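Everything in the sequence shown is counted per the deposited numbering, starting at 6 for the first residue and increasing by one.
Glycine included, C-beta positions come from ideal geometry on N, C-alpha and C.
Note sheet for the following structure.
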Amino acid sequence: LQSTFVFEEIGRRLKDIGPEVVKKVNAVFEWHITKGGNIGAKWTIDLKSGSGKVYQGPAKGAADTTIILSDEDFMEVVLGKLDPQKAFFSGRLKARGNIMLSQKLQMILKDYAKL
Numbered sequence: 006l007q008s009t010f011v012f013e014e015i016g017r018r019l020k021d022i023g024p025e026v027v028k029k030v031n032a033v034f035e036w037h038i039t040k041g042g043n044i045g046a047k048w049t050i051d052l053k054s055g056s057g058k059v060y061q062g063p064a065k066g067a068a069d070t071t072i073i074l075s076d077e078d079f080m081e082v083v084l085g086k087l088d089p090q091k092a093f094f095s096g097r098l099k100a101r102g103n104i105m106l107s108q109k110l111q112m113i114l115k116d117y118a119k120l
């Protein structure tokens with residue numbers, strides 16, 4: 006899965022900017038990456054305490070929002086080729102739980118995606 010490189014990089018970056026992100030987001034996000042409509046990987050981006058954590062599998066506790074999308078579509082979003090809000094309304098990106106929180110995370114990570 007191409008998305009693995011991205012989750013691993015978010016993990017590496019949190020080690021340095023994690024505290025600031027945690028204060029700003031204060032949520033837990035679970036990700037179900039599909040490949041064949043079938044789940045190929047699950048990830049959790051915990052931005053609830055400490056410097057945050059990125060780990061494989063389902064959230065250890067409750068996830069505030071769960072995002073489900075294909076590996077390919079996730080990469081399109083990351084590369085700026087697919088707008089996540091447009092993907093959500095077209096049905097390519099599913100979001101469960103507190104949907105608007107993921108948009109909060111989107112904007113906060115964008116900031117750090119240029120420092």
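* To do: Taking 8 Å as the cut-off, decide whether the C-beta atoms of residue 37 and residue 15 are in contact.
  => Not a contact, by the Cβ cut-off of 8 Å.
* With a cut-off of 8 Å, do at least 3 Cβ pairs link the segment 59-79 to the segment 99-113? -> Verdict: yes, contact present.
* Asked: Cα separation between residue 19 and residue 92?
  -> 26 Å
* Residues bridged to residue 101 by DSSP? -> 71
* Asked: Under the three-state reduction of DSSP, which class applies to residue 58: helix, strand or coil?
  -> strand
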